[PDB]
Amino acid sequence: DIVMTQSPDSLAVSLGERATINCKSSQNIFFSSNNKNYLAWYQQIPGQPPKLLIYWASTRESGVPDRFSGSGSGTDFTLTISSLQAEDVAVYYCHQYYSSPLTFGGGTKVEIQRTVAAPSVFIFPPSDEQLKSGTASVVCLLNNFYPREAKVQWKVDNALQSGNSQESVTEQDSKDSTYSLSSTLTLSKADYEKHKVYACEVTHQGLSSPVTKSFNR
Amino acid sequence: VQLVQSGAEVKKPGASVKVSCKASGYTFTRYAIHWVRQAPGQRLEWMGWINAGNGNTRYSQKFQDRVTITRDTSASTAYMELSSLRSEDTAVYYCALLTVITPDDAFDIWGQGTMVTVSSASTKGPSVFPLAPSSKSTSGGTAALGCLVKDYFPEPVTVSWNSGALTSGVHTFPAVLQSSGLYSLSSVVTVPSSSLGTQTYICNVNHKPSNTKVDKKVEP
Amino acid sequence: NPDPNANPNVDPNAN
């Protein structure tokens with residue numbers, strides 16, 4: 001099979017900076033008879049199928065911005081984004097259609113480097129709808145921060161919780177290049193009714209000290 | 001030109017799955033339909049193609065013993081059947097008109113993907129709970145609100161707000177598996193706090209495995 | 001040389 005090897009695995013540059021992605025094929029994908037390289041470049045954002053950007057290693061698909069360009073021939077190929085835009089955050093794949101089986105590269109993830117942004121912190125008590133079901137979820141939202149690293153701890157009646165909460169983090173936002181994080185504390189209704197104070201404590205580089213958002217049941 | 005795939009499914013290990021791919025916007029018999037799968041976090045894996053006209057196929061070596069690709073020209077649909085499923089087969093399965101390069105036209109179209117989960121776990125549509133805006137969910141002049149989409153299986157759910165009219169500042173988080181074997185996620189949006197009394201916010205939750213179409217009003 | 005049946009959708013003479 002034709003192994004497609006991409007480098008680097010991840011890339012982070014500032015808005016408007018040039019980004020370079022390398023693709024090497026384990027065998028030569030140039031055909032001297034038509035002077036074509038049988039290579040395509042794809043863009044994939046979370047939740048969506050890949051989008052074709054380049055084919056024949058350097059022909060842009062119609063509608064693709066001219067800041068995307070493909071180069072190389074034989075085994076060594078390059079995808080260049082001449083001036084990175086916030087919407088270009090995605091995973092990029094090369095693809096060969098020289099021979100069977102068709103194969104794809106491992107992907108290159110492209111992120112934006114931007115300034116520090118402290119999270120905006122919101123907290124949601126369990127809804128009355130959920131409580132009548134017998135379970136209680138408290139949701140702590142860390143909105144639109146940068147960089148991605150953050151710490152959320154839950155305190156219930158001032159006692160640090162362990163093992164009853166889970167987190168999720170979004171991909172970098174296509175407009176402001178920030179992240180968001182959800183942390184959910186899950187209790188049975190009876191245990192939720194045993195305590196008064198619920199709090200989520202947030203540590204982030206944009207904060208000189210942890211921020212705590214709290215409510216009483 | 002569109003490809004529309006059947007909904008997500010759970011199948012037990014060892015069972016078989018069949019995914020459909022309805023084509024529209026073109027003459028179906030003109031091109032080959034490819035099937036490509038994408039495991040969570042892994043790369044794109046090509047499985048095979050079928051000529052929509054004459055029905056000839058080519059399969060990848062990995063899937064030959066257990067994949068069958070067929071088509072129905074009258075229904076303009078291609079199918080992929082994978083048998084003897086293993087957990088390793090849990091992935092998004094795409095149909096695609098890959099790199100259609102013709103004398104006067106070049107395009108490339110994918111279906112939305114069909115998540116197939118190999119598991120003996122229970123199937124469950126989600127419970128959709130409001131995350132109401134309150135004094136605890138204000139960052140100055142903005143208010144955060146959302147929907148808790150809890151206790152569903154398998155993936156995925158899709159969430160929109162106000163039937164797609166509300167997109168700015170929406171964050172639908174990746175699902176997380178609970179110890180119960182069920183998934184939960186939240187979808188949140190920030191809105192002006194000054195506007196909470198005049199605007200309506202509805203989260204639209206779809207879970208194809210359970211035909212869930214829930215519209216939940218989120219009120220202050 | 002390329003296999004023209006790797007992807008039947010590709011016309012190799014289309015430049």
# chains A, B, ... in the order shown; residues from 1 in each chain; ligands from 1
call {"tool": "closest_atom_pairs", "arguments": {"of": "chain B", "to": "chain C", "cutoff": "8 Å", "atoms": "only C-alpha atoms", "output": "JSON lines"}}
result
{"residue": "B:31", "atom": "CA", "partner": "C:9", "partner_atom": "CA", "distance": 6.1}
{"residue": "B:32", "atom": "CA", "partner": "C:9", "partner_atom": "CA", "distance": 6.1}
{"residue": "B:49", "atom": "CA", "partner": "C:7", "partner_atom": "CA", "distance": 7.8}
{"residue": "B:51", "atom": "CA", "partner": "C:8", "partner_atom": "CA", "distance": 7.8}
{"residue": "B:97", "atom": "CA", "partner": "C:9", "partner_atom": "CA", "distance": 7.7}
{"residue": "B:98", "atom": "CA", "partner": "C:9", "partner_atom": "CA", "distance": 7.1}
{"residue": "B:99", "atom": "CA", "partner": "C:9", "partner_atom": "CA", "distance": 6.4}
{"residue": "B:100", "atom": "CA", "partner": "C:9", "partner_atom": "CA", "distance": 4.6}
{"residue": "B:101", "atom": "CA", "partner": "C:10", "partner_atom": "CA", "distance": 4.7}
{"residue": "B:102", "atom": "CA", "partner": "C:11", "partner_atom": "CA", "distance": 5.4}
{"residue": "B:103", "atom": "CA", "partner": "C:14", "partner_atom": "CA", "distance": 4.8}
{"residue": "B:104", "atom": "CA", "partner": "C:14", "partner_atom": "CA", "distance": 7.9}
call {"tool": "write_last_selection", "arguments": {"atoms": "N, CA, C and O atoms", "output": "PDB file, in the first residue's frame"}}
result
ATOM      1  N   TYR B  31     -21.385   7.845 -11.832  1.00  0.00           N
ATOM      2  CA  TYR B  31     -20.159   7.856 -11.033  1.00  0.00           C
ATOM      3  C   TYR B  31     -20.098   6.676 -10.072  1.00  0.00           C
ATOM      4  O   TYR B  31     -21.091   5.988  -9.826  1.00  0.00           O
ATOM      5  N   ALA B  32     -18.910   6.488  -9.487  1.00  0.00           N
ATOM      6  CA  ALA B  32     -18.674   5.466  -8.472  1.00  0.00           C
ATOM      7  C   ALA B  32     -18.863   6.037  -7.076  1.00  0.00           C
ATOM      8  O   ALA B  32     -18.403   7.140  -6.778  1.00  0.00           O
ATOM      9  N   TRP B  49     -15.273   0.738  -3.518  1.00  0.00           N
ATOM     10  CA  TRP B  49     -16.153   1.545  -4.353  1.00  0.00           C
ATOM     11  C   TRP B  49     -17.081   0.631  -5.137  1.00  0.00           C
ATOM     12  O   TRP B  49     -16.835  -0.567  -5.283  1.00  0.00           O
ATOM     13  N   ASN B  51     -19.421   0.919  -8.848  1.00  0.00           N
ATOM     14  CA  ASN B  51     -19.865   1.664 -10.016  1.00  0.00           C
ATOM     15  C   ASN B  51     -21.388   1.727  -9.975  1.00  0.00           C
ATOM     16  O   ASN B  51     -22.055   0.686 -10.010  1.00  0.00           O
ATOM     17  N   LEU B  97     -18.592  10.562  -3.210  1.00  0.00           N
ATOM     18  CA  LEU B  97     -18.177  10.722  -4.596  1.00  0.00           C
ATOM     19  C   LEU B  97     -16.791  11.357  -4.539  1.00  0.00           C
ATOM     20  O   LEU B  97     -16.629  12.578  -4.611  1.00  0.00           O
ATOM     21  N   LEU B  98     -15.780  10.496  -4.335  1.00  0.00           N
ATOM     22  CA  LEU B  98     -14.398  10.950  -4.161  1.00  0.00           C
ATOM     23  C   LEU B  98     -13.800  11.431  -5.477  1.00  0.00           C
ATOM     24  O   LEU B  98     -13.919  10.743  -6.498  1.00  0.00           O
ATOM     25  N   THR B  99     -13.140  12.594  -5.436  1.00  0.00           N
ATOM     26  CA  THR B  99     -12.357  13.176  -6.546  1.00  0.00           C
ATOM     27  C   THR B  99     -12.953  12.836  -7.913  1.00  0.00           C
ATOM     28  O   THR B  99     -12.367  12.117  -8.728  1.00  0.00           O
ATOM     29  N   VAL B 100     -14.155  13.345  -8.154  1.00  0.00           N
ATOM     30  CA  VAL B 100     -14.724  13.205  -9.492  1.00  0.00           C
ATOM     31  C   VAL B 100     -14.021  14.219 -10.387  1.00  0.00           C
ATOM     32  O   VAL B 100     -14.254  15.422 -10.270  1.00  0.00           O
ATOM     33  N   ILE B 101     -13.145  13.747 -11.267  1.00  0.00           N
ATOM     34  CA  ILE B 101     -12.368  14.616 -12.134  1.00  0.00           C
ATOM     35  C   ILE B 101     -12.726  14.235 -13.566  1.00  0.00           C
ATOM     36  O   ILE B 101     -12.345  13.159 -14.037  1.00  0.00           O
ATOM     37  N   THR B 102     -13.489  15.102 -14.250  1.00  0.00           N
ATOM     38  CA  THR B 102     -13.967  14.797 -15.594  1.00  0.00           C
ATOM     39  C   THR B 102     -13.448  15.889 -16.516  1.00  0.00           C
ATOM     40  O   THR B 102     -12.850  16.862 -16.033  1.00  0.00           O
ATOM     41  N   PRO B 103     -13.638  15.771 -17.833  1.00  0.00           N
ATOM     42  CA  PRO B 103     -13.111  16.804 -18.738  1.00  0.00           C
ATOM     43  C   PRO B 103     -13.559  18.214 -18.409  1.00  0.00           C
ATOM     44  O   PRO B 103     -12.752  19.142 -18.520  1.00  0.00           O
ATOM     45  N   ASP B 104     -14.810  18.419 -17.994  1.00  0.00           N
ATOM     46  CA  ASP B 104     -15.311  19.781 -17.852  1.00  0.00           C
ATOM     47  C   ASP B 104     -15.831  20.076 -16.451  1.00  0.00           C
ATOM     48  O   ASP B 104     -16.541  21.071 -16.253  1.00  0.00           O
TER      49      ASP B 104
END
call {"tool": "residues_around", "arguments": {"residues": "residue 217 of chain B", "least_positions_apart": "2", "cutoff": "12 Å", "atoms": "only C-alpha atoms", "output": "MDAnalysis selection string"}}
result
chainID B and resid 128:133 145:147 161:163 199:205 214:215 219:220
call {"tool": "closest_residue", "arguments": {"among": "B:210, B:137, B:27, B:172", "to": "chain A", "atoms": "only C-alpha atoms"}}
result
B:137
call {"tool": "residues_around", "arguments": {"residues": "residue 178 of chain A", "least_positions_apart": "2", "cutoff": "8 Å", "atoms": "only C-alpha atoms", "output": "list in words"}}
result
residues 117, 144, 145, 146, 147, 148, 172, 173, 176 and 180 of chain A
call {"tool": "closest_atom_pairs", "arguments": {"of": "chain A", "to": "chain B", "cutoff": "6 Å", "atoms": "only C-alpha atoms", "output": "tab-separated table"}}
result
residue	atom	partner	partner_atom	distance
A:101	CA	B:60	CA	5.7
A:106	CA	B:43	CA	5.5
A:122	CA	B:137	CA	4.5
A:123	CA	B:137	CA	5.6
A:168	CA	B:174	CA	5.9
A:170	CA	B:173	CA	5.6
call {"tool": "select_by_dssp", "arguments": {"residues": "segment 29-112 of chain A", "states": "strand (DSSP E)", "output": "PDB file with N, CA, C and O atoms, in the first residue's frame"}}
result
ATOM      1  N   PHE A  30       3.949  10.382  -9.248  1.00  0.00           N
ATOM      2  CA  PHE A  30       4.013  11.150 -10.490  1.00  0.00           C
ATOM      3  C   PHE A  30       3.948  10.225 -11.694  1.00  0.00           C
ATOM      4  O   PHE A  30       4.589   9.175 -11.704  1.00  0.00           O
ATOM      5  N   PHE A  31       3.200  10.638 -12.720  1.00  0.00           N
ATOM      6  CA  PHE A  31       3.088   9.886 -13.974  1.00  0.00           C
ATOM      7  C   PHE A  31       3.663  10.740 -15.104  1.00  0.00           C
ATOM      8  O   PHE A  31       3.059  11.738 -15.507  1.00  0.00           O
ATOM      9  N   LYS A  36       1.288  14.358 -14.226  1.00  0.00           N
ATOM     10  CA  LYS A  36       0.371  14.586 -13.120  1.00  0.00           C
ATOM     11  C   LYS A  36       0.807  13.800 -11.897  1.00  0.00           C
ATOM     12  O   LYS A  36       1.324  12.681 -12.007  1.00  0.00           O
ATOM     13  N   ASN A  37       0.576  14.407 -10.731  1.00  0.00           N
ATOM     14  CA  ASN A  37       0.720  13.775  -9.428  1.00  0.00           C
ATOM     15  C   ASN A  37      -0.659  13.480  -8.861  1.00  0.00           C
ATOM     16  O   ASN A  37      -1.519  14.365  -8.820  1.00  0.00           O
ATOM     17  N   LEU A  39      -2.500  13.186  -6.207  1.00  0.00           N
ATOM     18  CA  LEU A  39      -2.562  13.601  -4.812  1.00  0.00           C
ATOM     19  C   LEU A  39      -3.656  14.641  -4.641  1.00  0.00           C
ATOM     20  O   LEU A  39      -3.785  15.557  -5.463  1.00  0.00           O
ATOM     21  N   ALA A  40      -4.424  14.506  -3.563  1.00  0.00           N
ATOM     22  CA  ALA A  40      -5.402  15.510  -3.169  1.00  0.00           C
ATOM     23  C   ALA A  40      -5.136  15.940  -1.730  1.00  0.00           C
ATOM     24  O   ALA A  40      -4.573  15.179  -0.936  1.00  0.00           O
ATOM     25  N   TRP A  41      -5.538  17.174  -1.406  1.00  0.00           N
ATOM     26  CA  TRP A  41      -5.522  17.674  -0.035  1.00  0.00           C
ATOM     27  C   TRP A  41      -6.950  17.940   0.427  1.00  0.00           C
ATOM     28  O   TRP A  41      -7.736  18.543  -0.308  1.00  0.00           O
ATOM     29  N   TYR A  42      -7.272  17.491   1.649  1.00  0.00           N
ATOM     30  CA  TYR A  42      -8.585  17.662   2.263  1.00  0.00           C
ATOM     31  C   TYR A  42      -8.490  18.468   3.553  1.00  0.00           C
ATOM     32  O   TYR A  42      -7.480  18.433   4.254  1.00  0.00           O
ATOM     33  N   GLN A  43      -9.585  19.163   3.871  1.00  0.00           N
ATOM     34  CA  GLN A  43      -9.757  19.906   5.117  1.00  0.00           C
ATOM     35  C   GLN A  43     -10.924  19.289   5.888  1.00  0.00           C
ATOM     36  O   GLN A  43     -11.999  19.111   5.314  1.00  0.00           O
ATOM     37  N   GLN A  44     -10.746  18.997   7.179  1.00  0.00           N
ATOM     38  CA  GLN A  44     -11.857  18.482   7.986  1.00  0.00           C
ATOM     39  C   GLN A  44     -12.010  19.278   9.278  1.00  0.00           C
ATOM     40  O   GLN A  44     -11.076  19.333  10.090  1.00  0.00           O
ATOM     41  N   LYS A  51     -13.405  18.093   3.314  1.00  0.00           N
ATOM     42  CA  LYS A  51     -13.677  18.958   2.174  1.00  0.00           C
ATOM     43  C   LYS A  51     -12.466  18.978   1.252  1.00  0.00           C
ATOM     44  O   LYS A  51     -11.354  19.246   1.704  1.00  0.00           O
ATOM     45  N   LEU A  52     -12.686  18.730  -0.038  1.00  0.00           N
ATOM     46  CA  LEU A  52     -11.584  18.761  -0.996  1.00  0.00           C
ATOM     47  C   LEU A  52     -11.074  20.187  -1.196  1.00  0.00           C
ATOM     48  O   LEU A  52     -11.851  21.088  -1.521  1.00  0.00           O
ATOM     49  N   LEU A  53      -9.762  20.391  -1.040  1.00  0.00           N
ATOM     50  CA  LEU A  53      -9.142  21.681  -1.325  1.00  0.00           C
ATOM     51  C   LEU A  53      -8.353  21.678  -2.623  1.00  0.00           C
ATOM     52  O   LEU A  53      -8.445  22.624  -3.413  1.00  0.00           O
ATOM     53  N   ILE A  54      -7.537  20.655  -2.825  1.00  0.00           N
ATOM     54  CA  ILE A  54      -6.543  20.615  -3.898  1.00  0.00           C
ATOM     55  C   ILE A  54      -6.588  19.230  -4.515  1.00  0.00           C
ATOM     56  O   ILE A  54      -6.712  18.237  -3.793  1.00  0.00           O
ATOM     57  N   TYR A  55      -6.483  19.151  -5.842  1.00  0.00           N
ATOM     58  CA  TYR A  55      -6.285  17.864  -6.502  1.00  0.00           C
ATOM     59  C   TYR A  55      -5.213  18.019  -7.575  1.00  0.00           C
ATOM     60  O   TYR A  55      -4.797  19.133  -7.908  1.00  0.00           O
ATOM     61  N   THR A  59      -3.956  21.786  -8.112  1.00  0.00           N
ATOM     62  CA  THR A  59      -5.119  22.455  -8.694  1.00  0.00           C
ATOM     63  C   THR A  59      -6.151  22.713  -7.603  1.00  0.00           C
ATOM     64  O   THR A  59      -6.722  21.769  -7.045  1.00  0.00           O
ATOM     65  N   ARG A  60      -6.394  23.988  -7.295  1.00  0.00           N
ATOM     66  CA  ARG A  60      -7.441  24.321  -6.330  1.00  0.00           C
ATOM     67  C   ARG A  60      -8.827  23.950  -6.850  1.00  0.00           C
ATOM     68  O   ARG A  60      -9.181  24.239  -7.996  1.00  0.00           O
ATOM     69  N   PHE A  68      -4.714  28.946  -0.072  1.00  0.00           N
ATOM     70  CA  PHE A  68      -4.325  27.538  -0.065  1.00  0.00           C
ATOM     71  C   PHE A  68      -3.591  27.208  -1.360  1.00  0.00           C
ATOM     72  O   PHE A  68      -4.086  27.514  -2.443  1.00  0.00           O
ATOM     73  N   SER A  69      -2.431  26.566  -1.254  1.00  0.00           N
ATOM     74  CA  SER A  69      -1.717  26.177  -2.464  1.00  0.00           C
ATOM     75  C   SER A  69      -0.952  24.884  -2.232  1.00  0.00           C
ATOM     76  O   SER A  69      -0.426  24.642  -1.142  1.00  0.00           O
ATOM     77  N   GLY A  70      -0.913  24.045  -3.264  1.00  0.00           N
ATOM     78  CA  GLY A  70      -0.207  22.781  -3.213  1.00  0.00           C
ATOM     79  C   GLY A  70       1.003  22.803  -4.129  1.00  0.00           C
ATOM     80  O   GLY A  70       0.976  23.409  -5.204  1.00  0.00           O
ATOM     81  N   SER A  71       2.062  22.128  -3.702  1.00  0.00           N
ATOM     82  CA  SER A  71       3.300  22.065  -4.468  1.00  0.00           C
ATOM     83  C   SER A  71       3.960  20.711  -4.249  1.00  0.00           C
ATOM     84  O   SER A  71       3.528  19.917  -3.413  1.00  0.00           O
ATOM     85  N   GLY A  72       4.990  20.432  -5.051  1.00  0.00           N
ATOM     86  CA  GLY A  72       5.743  19.194  -4.975  1.00  0.00           C
ATOM     87  C   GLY A  72       5.429  18.247  -6.127  1.00  0.00           C
ATOM     88  O   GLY A  72       4.495  18.441  -6.904  1.00  0.00           O
ATOM     89  N   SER A  73       6.245  17.204  -6.245  1.00  0.00           N
ATOM     90  CA  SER A  73       6.043  16.224  -7.308  1.00  0.00           C
ATOM     91  C   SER A  73       6.785  14.951  -6.923  1.00  0.00           C
ATOM     92  O   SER A  73       7.808  15.008  -6.237  1.00  0.00           O
ATOM     93  N   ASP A  76       7.274  14.011  -2.524  1.00  0.00           N
ATOM     94  CA  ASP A  76       7.387  15.050  -1.494  1.00  0.00           C
ATOM     95  C   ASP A  76       6.456  16.206  -1.837  1.00  0.00           C
ATOM     96  O   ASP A  76       6.696  16.945  -2.801  1.00  0.00           O
ATOM     97  N   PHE A  77       5.415  16.387  -1.031  1.00  0.00           N
ATOM     98  CA  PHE A  77       4.357  17.340  -1.328  1.00  0.00           C
ATOM     99  C   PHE A  77       4.157  18.326  -0.186  1.00  0.00           C
ATOM    100  O   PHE A  77       4.459  18.039   0.972  1.00  0.00           O
ATOM    101  N   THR A  78       3.649  19.500  -0.538  1.00  0.00           N
ATOM    102  CA  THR A  78       3.466  20.570   0.435  1.00  0.00           C
ATOM    103  C   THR A  78       2.116  21.242   0.255  1.00  0.00           C
ATOM    104  O   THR A  78       1.704  21.554  -0.866  1.00  0.00           O
ATOM    105  N   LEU A  79       1.420  21.441   1.372  1.00  0.00           N
ATOM    106  CA  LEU A  79       0.238  22.284   1.401  1.00  0.00           C
ATOM    107  C   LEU A  79       0.616  23.525   2.186  1.00  0.00           C
ATOM    108  O   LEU A  79       1.103  23.421   3.318  1.00  0.00           O
ATOM    109  N   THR A  80       0.429  24.687   1.572  1.00  0.00           N
ATOM    110  CA  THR A  80       0.784  25.958   2.171  1.00  0.00           C
ATOM    111  C   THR A  80      -0.492  26.758   2.382  1.00  0.00           C
ATOM    112  O   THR A  80      -1.333  26.832   1.482  1.00  0.00           O
ATOM    113  N   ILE A  81      -0.654  27.330   3.574  1.00  0.00           N
ATOM    114  CA  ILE A  81      -1.656  28.360   3.809  1.00  0.00           C
ATOM    115  C   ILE A  81      -0.874  29.643   3.999  1.00  0.00           C
ATOM    116  O   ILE A  81      -0.174  29.810   5.005  1.00  0.00           O
ATOM    117  N   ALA A  90      -8.500  23.403  11.622  1.00  0.00           N
ATOM    118  CA  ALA A  90      -9.014  22.161  11.061  1.00  0.00           C
ATOM    119  C   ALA A  90      -7.916  21.111  11.080  1.00  0.00           C
ATOM    120  O   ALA A  90      -6.768  21.406  11.431  1.00  0.00           O
ATOM    121  N   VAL A  91      -8.263  19.887  10.703  1.00  0.00           N
ATOM    122  CA  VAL A  91      -7.297  18.831  10.448  1.00  0.00           C
ATOM    123  C   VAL A  91      -7.184  18.697   8.937  1.00  0.00           C
ATOM    124  O   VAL A  91      -8.199  18.735   8.235  1.00  0.00           O
ATOM    125  N   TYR A  92      -5.954  18.617   8.434  1.00  0.00           N
ATOM    126  CA  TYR A  92      -5.693  18.555   7.001  1.00  0.00           C
ATOM    127  C   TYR A  92      -5.098  17.197   6.671  1.00  0.00           C
ATOM    128  O   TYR A  92      -4.200  16.719   7.376  1.00  0.00           O
ATOM    129  N   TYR A  93      -5.629  16.568   5.615  1.00  0.00           N
ATOM    130  CA  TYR A  93      -5.204  15.255   5.162  1.00  0.00           C
ATOM    131  C   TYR A  93      -4.727  15.318   3.722  1.00  0.00           C
ATOM    132  O   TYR A  93      -5.361  15.957   2.879  1.00  0.00           O
ATOM    133  N   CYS A  94      -3.633  14.627   3.437  1.00  0.00           N
ATOM    134  CA  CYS A  94      -3.352  14.310   2.042  1.00  0.00           C
ATOM    135  C   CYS A  94      -3.953  12.952   1.680  1.00  0.00           C
ATOM    136  O   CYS A  94      -4.316  12.151   2.539  1.00  0.00           O
ATOM    137  N   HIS A  95      -4.027  12.690   0.379  1.00  0.00           N
ATOM    138  CA  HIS A  95      -4.743  11.547  -0.162  1.00  0.00           C
ATOM    139  C   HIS A  95      -4.066  11.194  -1.475  1.00  0.00           C
ATOM    140  O   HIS A  95      -3.712  12.095  -2.240  1.00  0.00           O
ATOM    141  N   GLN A  96      -3.850   9.903  -1.723  1.00  0.00           N
ATOM    142  CA  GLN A  96      -3.338   9.461  -3.018  1.00  0.00           C
ATOM    143  C   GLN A  96      -4.398   8.630  -3.725  1.00  0.00           C
ATOM    144  O   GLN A  96      -5.132   7.858  -3.089  1.00  0.00           O
ATOM    145  N   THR A 103      -5.518   5.634  -0.125  1.00  0.00           N
ATOM    146  CA  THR A 103      -5.045   5.880   1.232  1.00  0.00           C
ATOM    147  C   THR A 103      -4.990   7.369   1.513  1.00  0.00           C
ATOM    148  O   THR A 103      -4.956   8.210   0.608  1.00  0.00           O
ATOM    149  N   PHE A 104      -4.968   7.662   2.808  1.00  0.00           N
ATOM    150  CA  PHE A 104      -4.966   9.002   3.356  1.00  0.00           C
ATOM    151  C   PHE A 104      -3.828   9.130   4.353  1.00  0.00           C
ATOM    152  O   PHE A 104      -3.457   8.157   5.012  1.00  0.00           O
ATOM    153  N   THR A 108      -2.942  16.551   9.815  1.00  0.00           N
ATOM    154  CA  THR A 108      -2.190  17.602  10.490  1.00  0.00           C
ATOM    155  C   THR A 108      -3.184  18.593  11.060  1.00  0.00           C
ATOM    156  O   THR A 108      -4.015  19.136  10.327  1.00  0.00           O
ATOM    157  N   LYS A 109      -3.092  18.842  12.361  1.00  0.00           N
ATOM    158  CA  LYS A 109      -4.067  19.694  13.005  1.00  0.00           C
ATOM    159  C   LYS A 109      -3.470  21.088  13.068  1.00  0.00           C
ATOM    160  O   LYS A 109      -2.298  21.253  13.425  1.00  0.00           O
ATOM    161  N   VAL A 110      -4.248  22.078  12.649  1.00  0.00           N
ATOM    162  CA  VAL A 110      -3.767  23.443  12.542  1.00  0.00           C
ATOM    163  C   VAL A 110      -4.551  24.269  13.539  1.00  0.00           C
ATOM    164  O   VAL A 110      -5.788  24.323  13.479  1.00  0.00           O
ATOM    165  N   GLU A 111      -3.828  24.911  14.447  1.00  0.00           N
ATOM    166  CA  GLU A 111      -4.395  25.783  15.458  1.00  0.00           C
ATOM    167  C   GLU A 111      -3.848  27.191  15.314  1.00  0.00           C
ATOM    168  O   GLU A 111      -2.834  27.424  14.652  1.00  0.00           O
ATOM    169  N   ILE A 112      -4.548  28.129  15.942  1.00  0.00           N
ATOM    170  CA  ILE A 112      -4.150  29.532  15.973  1.00  0.00           C
ATOM    171  C   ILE A 112      -3.543  29.823  17.341  1.00  0.00           C
ATOM    172  O   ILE A 112      -4.073  29.373  18.366  1.00  0.00           O
TER     173      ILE A 112
END
call {"tool": "residues_around", "arguments": {"residues": "residue 141 of chain A", "least_positions_apart": "3", "cutoff": "6 Å", "atoms": "only C-alpha atoms", "output": "PyMOL selection string"}}
result
chain A and resi 121-122+181-182
call {"tool": "write_last_selection", "arguments": {"atoms": "C-alpha atoms", "output": "tab-separated table (two decimals), in the first residue's frame"}}
result
chain	number	residue	atom	x	y	z
A	121	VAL	CA	-17.64	31.34	34.32
A	122	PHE	CA	-21.33	30.42	34.61
A	181	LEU	CA	-15.19	23.88	28.73
A	182	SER	CA	-18.14	22.24	30.47
call {"tool": "closest_atom_pairs", "arguments": {"of": "chain A", "to": "chain C", "cutoff": "7 Å", "atoms": "only C-alpha atoms", "output": "Markdown table"}}
result
| residue | atom | partner | partner_atom | distance |
| --- | --- | --- | --- | --- |
| A:31 | CA | C:1 | CA | 6.4 |
| A:97 | CA | C:6 | CA | 6.2 |
| A:98 | CA | C:2 | CA | 4.7 |
| A:99 | CA | C:3 | CA | 5.0 |
| A:100 | CA | C:6 | CA | 4.8 |
| A:101 | CA | C:6 | CA | 6.8 |
| A:102 | CA | C:6 | CA | 6.6 |
call {"tool": "write_last_selection", "arguments": {"atoms": "N, CA, C and O atoms", "output": "tab-separated table (two decimals), in the first residue's frame"}}
result
chain	number	residue	atom	x	y	z
A	31	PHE	N	3.20	10.64	-12.72
A	31	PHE	CA	3.09	9.89	-13.97
A	31	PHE	C	3.66	10.74	-15.10
A	31	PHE	O	3.06	11.74	-15.51
A	97	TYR	N	-4.48	8.80	-5.04
A	97	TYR	CA	-5.37	7.99	-5.87
A	97	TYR	C	-4.61	7.42	-7.07
A	97	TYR	O	-5.17	7.23	-8.15
A	98	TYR	N	-3.32	7.16	-6.85
A	98	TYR	CA	-2.46	6.50	-7.82
A	98	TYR	C	-2.81	5.03	-7.95
A	98	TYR	O	-2.90	4.49	-9.05
A	99	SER	N	-2.98	4.35	-6.81
A	99	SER	CA	-3.14	2.90	-6.81
A	99	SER	C	-4.04	2.49	-5.65
A	99	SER	O	-4.29	3.27	-4.73
A	100	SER	N	-4.53	1.27	-5.72
A	100	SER	CA	-5.40	0.61	-4.75
A	100	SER	C	-4.57	-0.11	-3.68
A	100	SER	O	-3.58	-0.77	-3.99
A	101	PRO	N	-4.98	-0.03	-2.40
A	101	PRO	CA	-6.15	0.71	-1.94
A	101	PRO	C	-5.89	2.21	-1.87
A	101	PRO	O	-4.74	2.60	-1.63
A	102	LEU	N	-6.92	3.03	-2.07
A	102	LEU	CA	-6.79	4.46	-1.83
A	102	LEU	C	-6.40	4.67	-0.37
A	102	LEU	O	-6.86	3.95	0.52
call {"tool": "atom_distance", "arguments": {"atom1": "atom CA of residue 124 of chain A", "atom2": "atom CA of residue 191 of chain B"}}
result
15.5 Å
call {"tool": "residues_around", "arguments": {"residues": "residue 136 of chain A", "least_positions_apart": "6", "cutoff": "6 Å", "atoms": "only C-alpha atoms", "output": "VMD selection string"}}
result
chain A and resid 126 186 to 189
call {"tool": "atom_distance", "arguments": {"atom1": "atom CA of residue 105 of chain A", "atom2": "atom CA of residue 41 of chain B"}}
result
13.1 Å
call {"tool": "closest_residue", "arguments": {"among": "A:35, A:174, A:164, A:6", "to": "residue 87 of chain A", "atoms": "only C-alpha atoms"}}
result
A:174
call {"tool": "atom_distance", "arguments": {"atom1": "atom CA of residue 18 of chain A", "atom2": "atom CA of residue 47 of chain A"}}
result
25.7 Å
call {"tool": "closest_residue", "arguments": {"among": "B:5, B:179, B:123, B:84", "to": "residue 155 of chain B", "atoms": "only C-alpha atoms"}}
result
B:123
